[PDB]
Amino acid sequence: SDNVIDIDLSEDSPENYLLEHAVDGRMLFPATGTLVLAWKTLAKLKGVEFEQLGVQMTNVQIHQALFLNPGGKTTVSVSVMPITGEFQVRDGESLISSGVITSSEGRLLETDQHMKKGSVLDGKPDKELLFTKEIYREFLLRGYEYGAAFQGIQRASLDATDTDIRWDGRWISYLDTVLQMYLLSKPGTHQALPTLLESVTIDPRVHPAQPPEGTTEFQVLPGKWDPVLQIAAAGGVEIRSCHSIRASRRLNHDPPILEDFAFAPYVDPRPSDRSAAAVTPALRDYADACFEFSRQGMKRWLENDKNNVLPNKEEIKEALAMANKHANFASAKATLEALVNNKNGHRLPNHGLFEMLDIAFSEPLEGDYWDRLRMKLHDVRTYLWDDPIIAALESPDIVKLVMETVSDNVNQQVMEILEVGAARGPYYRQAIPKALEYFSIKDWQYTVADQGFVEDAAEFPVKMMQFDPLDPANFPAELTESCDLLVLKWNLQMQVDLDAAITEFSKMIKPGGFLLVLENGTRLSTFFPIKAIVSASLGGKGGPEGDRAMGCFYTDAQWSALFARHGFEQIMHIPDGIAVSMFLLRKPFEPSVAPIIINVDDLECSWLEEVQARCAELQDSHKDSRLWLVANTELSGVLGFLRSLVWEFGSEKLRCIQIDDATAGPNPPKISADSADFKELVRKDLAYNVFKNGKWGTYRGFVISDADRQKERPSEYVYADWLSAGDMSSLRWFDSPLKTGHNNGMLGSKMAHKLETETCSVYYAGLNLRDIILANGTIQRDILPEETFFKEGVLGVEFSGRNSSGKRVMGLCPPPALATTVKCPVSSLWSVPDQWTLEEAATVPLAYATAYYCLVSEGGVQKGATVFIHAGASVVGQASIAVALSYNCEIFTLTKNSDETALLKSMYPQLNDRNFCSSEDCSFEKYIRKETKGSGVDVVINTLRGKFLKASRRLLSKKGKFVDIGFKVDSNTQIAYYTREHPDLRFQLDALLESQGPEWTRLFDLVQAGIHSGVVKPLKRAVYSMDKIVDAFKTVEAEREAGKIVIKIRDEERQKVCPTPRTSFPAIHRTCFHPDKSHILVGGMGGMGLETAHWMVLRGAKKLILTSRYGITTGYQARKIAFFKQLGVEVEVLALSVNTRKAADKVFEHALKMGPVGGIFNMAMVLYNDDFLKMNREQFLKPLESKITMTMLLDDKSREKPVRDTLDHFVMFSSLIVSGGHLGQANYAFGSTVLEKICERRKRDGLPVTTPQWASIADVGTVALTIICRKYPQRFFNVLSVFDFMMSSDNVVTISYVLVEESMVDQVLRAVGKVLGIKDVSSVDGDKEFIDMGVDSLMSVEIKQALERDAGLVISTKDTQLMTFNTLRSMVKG
Ligand SMILES: NC(=O)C1=CN([C@@H]2O[C@H](COP(=O)(O)OP(=O)(O)OC[C@H]3O[C@@H](n4cnc5c(N)ncnc54)[C@H](OP(=O)(O)O)[C@@H]3O)[C@@H](O)[C@H]2O)C=CC1
Ligand SMILES: *P(=O)(O)OCC(C)(C)[C@@H](O)C(=O)NCCC(=O)NCCSC(C)=O
């Protein structure tokens, strides 16, 4: 109605700086933005200039978020009431801000900060001051992405009190920099969006005028944060009592890929090896049964045949001989159908071969046989391609080992892949999505070819071609020396003359190129029936290796001999054992000049000069020349040294060999010049040869599936939490730190109350409406008592189980009581009478504890009084009635339907139909006001809101008490709580349980008395198993029926005093650190170390020893070290480099004096970057002190007592240079690999070990100061999410890196899908509602404003979470 403001976010608009203010990629309109809009509107209403007006806003609620549209225009409709001052910023029919704005001509500023002249932060050292770089590192880690216009604070103190805010003319930015003093006054790790500024004064007549136009050296106005009054003041601005709401963090990039750098043998892999085929017992049994099906079926073909219709009839008869050589129909299917319908968990992903064998066999013998079934089997060809037998040599592990080992050894910049015969056996469907979509250093070229057009290869990044694959001598001459890798999936068998086929195909391979073949080698009669129908002809020429089986196919042993006979070198060979078999072949390499061997065994780098000289001649040598780096010991970082060296010299003449002495078999290799084992290696000419576990292989990074990050394993102590906040379908069971004895959240306030606690084993956990409210996002955990801020979880309070002595007990404890073990204060634990089962006792404590608090403690009920109870059927409602009846009260209750009324009457016979009303409408007021004869009700237990709350107040007697225990309070009544206008009684039982003072003991005595006197009686119950936690929570939320919901954790024993049997529960990982153990963080005072030490402190660590070469040398370090000490952590900062056994002893001496050493982390780095040839000895060994010299001295200490018995974690941070390499960092690659091998010797001996192998990381360190080797930097809040996975894992090194990535109907769908965090909208189901995937409270508003910004649709927020993708598509068209 009033002034409409147009925010122009264009390329050169003056308000283009408003885009330099984002929260994890969300470009929101500043909360102080609405303050200026309201401020300017009032001035325009008054007619004065907005800079000459002194205003004061009160209770500025940011009702909803405004998402600024980049490169566009947003409109708001500020409206100010003339005399009252009620201002309102809105956009259409949606509210965006509210409050009251008032102008005045007198002093509006409370604090006397507009008078300060200079800056208190003068003359202070650099280690007692924060600067612009360090202040906004703190904000960035919390999700606040400030740009250059919003980076006002130039300096500050370690206390955050004094600042040097900059004044540059813009008011929306200045008021935000004053609101940043509030945010950096509350150190933490979560992301909070301000939503209520209780008072703001912007008196501009005491504020310096706008800078003279053209200024660049803007002045700085001293500011200060008043922790007493909660006032942030700077110049002529003050913001007082600003509150915020926690928000979940959004990942701007895509999820990381985690791999497992592990050794993988090349030839004849044993079952225990990683390159071995994936043959579980279930698959082998399926092949046996299915092979029997082929045997039994093929018998029927030669029995029913009477018209001579069987294609290639003679072949089937010949094949049956093989089946009998390597040995009813109804039983054959019976066995398979038993396997096809079982759900024991040992099932195969799908049974495709049988579906193809069944359709062919079951098909009838009659006319058009050959053509009819040749057109039907071809339609189910997907079954043969996607089958467990065939998917055993196409699994991700084997496919990657193939493509990467080829990529490493191809000495060009583009990997050319040519597959011939792609219509029958396609290898692009496996090669591309499993191995070639993870490439980041080599670009690939895939060419599919066959007789016709490849239909299924249409969606893949391939190029098509046409020639005859089944006939040689006709392959186009344009393909000579055209591909580095040749793929022949199920193609060589269809040739008639193999010798003519191989010799011609070998002309395809470039010099040093590779060839790949997949063929059936064992049990050759199993797949024939499909082949017989599909193959037009089955006539082929045998060879010296033997006559071709059937007309096509050749036994594995024959293939190997044939390829060997034709002068091929077997680089790899993976025999599946059930059917197919893979060969990866390459021609021999005969050097014309003797190879050069340089032993790189030494770790002191006595070989550096030799390598430097002999690698400087690589650019002027014969192509056949080579340089081999040989290491005959386990500890040698030559696999990262080469991979970084090959970046500066090419892969034509750089090779390495590493013999692992520890794992070398009884016959170790004898690689020495004119040796025997060496000559074999030279012929293969592979860039990476490692002898480990008695086989030649290569170190490869195998991708860890994303499903394993949430895999559940047995755990003794577990507790329920949520994976994503605000989603009730994401509740899982995580590991509980109570395995360490103590509990998380022992920081800050929780250390002031030294309550004596009894460790209890939870048998039943009660579910209240408090837990559902927190779980489904209706309330953030910050509303709870401050003592629960750092707790592991906030779900569950009541329980019933057995104490440490075996007695049966029940009570209330600070959360999480929804666990299997709790530490309940001894003053909150009642004893179960010897008439209630542990199931019944789980319903009493909270329901009756709140009933007594509402009536006897807060309402002061008296005998004969009249009480009004809302929601009589609820658990607290039922408890309230029982207490009141014991007090001989007159009861009026609100019952939803007649079932609830009947239920209550049955439970309490004293209730007639006169004591019941209806909650459907506020018609009870007349009834209660007539039956009480106008006196009203003495006590009102209120849960309903809105008009029912008003009517309930009006029923109060003159001395009546109103107890409001509802959870979904309004906005005005939420302000009342903040400003101390009303008391917040909806989380008082929680607050009492933290303190457990005189107020609580009154309730403990009352409930305890109630048990004895018979008032306290168990309520109705509904037990839910542990795994049905999600269903239990939904049942409580719906409130479709009355009764308690209790989760059964264990089974109550028959005895009454007996020990709890030790059992395990399935739960997700959660790393925890012992509070009584000291943790060493070597080099932990920098970048990732300080933000990792923060993570450990939140997860249990309370004893840290941070080590550095100098000490605390920056203001950011001194601030966080002071922050930890404030939280109750004992931090000792040592300025000692551990580069000598003496120093290592000193560091651990200061450790054992704090507590048993229960962790050693090395996050040290000293980088020197330069080309390998220009680096002297001293310059080379610079990054080799924190990664080699240290890690061996820290390793040695952990191997010797008393640390060995006590040590629990041993983490050695590494980088991707070990697996990807880099240029100039030959030294850092060498050291980083030796750190990766010292962490595998620990695994051989069984000691704990972990070695994260990171990639570019953001927000903290080296990169912090983007895209290197095409890999995007990770967000640290993800670095710590995967790091938690890394610690609770069995592997040594876990690679973690991030790789960089129409109609109007599809336009908005992609945008809407992007909000939810979906990369392919089409992939997910079109019938699955948004709430099912997950839509918290900010994704819905973004979609709501996007469906209007992008299209004309205007939807409701609630409608967003219950609408499918199909609904959205069908709605935009309308
Ligand atoms: N940052 C990234 O993006 C990546 C990180 N990593 C790994 O993660 C860690 C990153 O830490 P980051 O802080 O980023 O590196 P920084 O260079 O940012 O700081 C590293 C710390 O190492 C400490 N340090 C170096 N040498 C010694 C020594 N001899 N004795 C004690 N302390 C020492 C320094 O303390 P002072 O300066 O006081 O001596 C410095 O604070 C490293 O271990 C690195 O290998 C892996 C891949 C990439
Ligand atoms: P639901 O629980 O209804 O969610 C309420 C939300 C959407 C969080 C709403 O209250 C909101 O968006 N408030 C935030 C307003 C805001 O963005 N203020 C600060 C500006 S951005 C900044 C600090 O970077």
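Note that each Cβ is placed from the backbone with ideal geometry, even for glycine, and that neighbours are counted across all protein chains shown. Since every read-out is calculated from the coordinates, none of them should be taken as a lab result.
Some notes on this structure:
- With both labels modelled 7 Å from their Cα along Cα-to-Cβ, the residue 1168 to residue 305 distance reads 7.9 nm.
- Neighbour-count order for 898, 952, fewest beta carbons within 10 angstrom listed first: 898, 952
- Counting only Cα atoms, region 200-273 measures 85, 37, 19 Å along its principal axes, largest extent leading.
- Which of 671, 265, 795, positive extreme of dipole for the chain (C-beta unit charges): 795
- Each part reduced to its alpha carbon centroid, region 9-66 and region 724-745 end up 41 Å apart.
- Binned Cα-Cα distances of region 1019-1101, short to long, each 5 Å bin given as a whole percent: 3, 10, 13, 11, 11, 11, 12, 11, 9, 6, 3, 1
- Calculated diffusion of region 660-724, Stokes-Einstein form, Kirkwood radius summed over Cα pairs, 37 °C and 0.692 mPa s, µm²/s: 201
- Fewest-first ranking of 907, 746, using other Cβ atoms within 10 Å as the exposure measure: 907, 746
- Positive-pole candidate from 657, 1045, 1248, dipole of the chain, charges at beta carbon: 1045
- Span from the region 698-712 Cα centroid across to the region 621-649 one, whole angstrom: 29
- Estimated FRET transfer efficiency when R0 is 35 angstrom, pair residue 978-residue 920 (beta carbons, to 0.05): 0.60
- Note that region 1017-1056, at 10 °C in a medium of 1.306 mPa s, gets a Stokes-Einstein diffusion coefficient of 140 µm²/s from its Kirkwood radius over C-alpha pairs.
- Part-to-part distance (alpha-carbon centres) for region 71-104 and region 335-350, which is given in Å: 64
- Three-way shape label, region 758-831, alpha-carbon gyration tensor, a/c 1.5: prolate
- Entry note: region 1-52 has Rg to Rh equal to 1.03, where both radii use alpha-carbon atoms and Rh is the Kirkwood radius.
- Three-way shape label, the chain, alpha-carbon gyration tensor, a/c 1.5: prolate
- For region 420-473, the percent of C-alpha pairs falling in each 5 Å distance bin, counted from 0 to the bin holding the largest distance, reads 4, 20, 29, 21, 13, 9, 3, 1.
- Per-residue Cβ neighbour rank within 10 angstrom, fewest leading, 444, 1000: 444, 1000
- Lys, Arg +1 and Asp, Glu -1 on Cβ, resulting dipole of region 560-663 about Cα centre, debye, nearest 20: 640
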